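Below you will find one chain, with nothing else, as structure tokens; this is the form deposited in one PDB entry, and questions on how it binds or moves follow later.
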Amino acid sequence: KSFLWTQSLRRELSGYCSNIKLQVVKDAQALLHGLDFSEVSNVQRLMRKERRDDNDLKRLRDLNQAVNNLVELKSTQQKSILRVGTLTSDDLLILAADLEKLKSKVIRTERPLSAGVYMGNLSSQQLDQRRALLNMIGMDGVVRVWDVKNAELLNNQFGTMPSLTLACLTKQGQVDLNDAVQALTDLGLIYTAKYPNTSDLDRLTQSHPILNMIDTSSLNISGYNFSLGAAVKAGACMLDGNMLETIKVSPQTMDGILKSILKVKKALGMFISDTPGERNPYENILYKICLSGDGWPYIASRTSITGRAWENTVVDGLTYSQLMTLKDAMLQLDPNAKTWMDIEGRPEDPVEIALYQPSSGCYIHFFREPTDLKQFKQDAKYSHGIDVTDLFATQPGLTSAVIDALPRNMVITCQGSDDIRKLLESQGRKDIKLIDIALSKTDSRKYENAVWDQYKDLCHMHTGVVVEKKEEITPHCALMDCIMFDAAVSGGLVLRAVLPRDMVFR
């Protein structure tokens, strides 16, 4: 089915594909002449680590930059806005929907590597389910691969590139470049009729010893790894057959390529999955083309590109796809840990909600549009300083969705109990026990300045002047409150967002 999709796409997109063997070999030679393969070996060692940090990421990013500098097959930062023309009104609606679905599937696959999944004190069933998910995506108590300050620095750092694969086989396998070319060519030939399997690879290795370097998935790896996928991709570039891997996109050709893909989607019933893991051919081509309107989507250096495909190509409560992402995101929470909660606005009409787990530093933080504008106006002047118009751009529906998803029989700490209880009960969560810590106003805000000094960047929603019946005071933020209340209890004063920022805001 999947190879069928690939073949149909090849046929339909043939006019956008060209022979690029010469340039790919040329790039491989530039890498052989100028790249430090000891640092390649170094990044391979790092990718072998079960758990990796910002020092590890720096080595990877620096090496990717070195590679990018040496090669000519590169993608360029190029945002696309798709408008009615070549693509119809209906085409744009389909593309909008599939990008929404693709966003969920990709985030659910890649995000856990950095955000983490709690794997501690849970039921046998819960552990089985989470173990299944981790296994499907190639992955105290929280399991994560990347421990980093800024997960955005992971974006686009893990692509496979034919020239790199070719240069690494040659140098690291200690064979002549032509040996590597001949071997990948033969693999490319198989790929005209079939996706090559382990038996195909095993057969080839007998006449091409360099192929024993291939470990016979596309997940939790880098371009410096010898995956079958990377080898098949390089092989495709070696052939004289309309291989998809050789497609080039330009701002002039973007829309026609997408139109062509949509033709294939309709004829074959292709779809974006709701299953985390390897991309199917439609998911893969849609992601790769949307990353940039100017490059070679399968085979260029993309390591200097910023942003995700759904950010870089745009079509001019929560969805089903958003809910799946959300339910998966919430698996980062430790249901046994001390968890603070605070809200701004009335429990019957809340406008900001936060939960905070000090031990791990994870937090849930989001906003809601007010129902009662008159009371919202007083709350703004006397408590939170939120401009109602700034809430227009926040994502609706999270109040129900997040409370529904809180783990069963949790214990939540607050200041104080009454509003949180009313809010939880409103969403049917009577199983959650509450601790009222009951600090005096003065003690509760001891660390108010210390907290804002440290964590101001975590919330930009509080813009209005707030008063106490008058004198100006620091606006109340549901998040900063959790933090400062915890700091007061603890006698002193990290942080991971549980929710993706693109889930909190629309």
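So that there is no doubt, residue numbering starts at 1 and follows the sequence shown.
Below, we turn to the form deposited with a small molecule bound, even though it does not appear here.
With a 4.5 Å cutoff on heavy atoms, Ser360 does not count as touching the small molecule in the deposited bound form; it lies far away.
Residue contact check for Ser75: none of its heavy atoms lie within 4.5 Å of the small molecule in the deposited bound form. Contact check for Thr216: no non-hydrogen atom falls within 4.5 Å of the small molecule in the deposited bound form. In the deposited bound form, at least one heavy atom of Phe158 sits within 4.5 Å of the small molecule. Comparing 265-273, 220-228, 378-386, 203-211 against the small molecule in the deposited bound form, the single stretch with non-hydrogen atoms within 4.5 angstroms of it is 220-228. With the partner omitted from this view, the residue of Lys171, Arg144, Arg279, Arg346 that lies near the small molecule in the deposited bound form is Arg279 [heavy atom within 4.5 Å]. Checked against the small molecule in the deposited bound form, the candidates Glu110, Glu283, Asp179, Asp186 yield a single residue with a heavy atom inside 4.5 Å, and that residue is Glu110.
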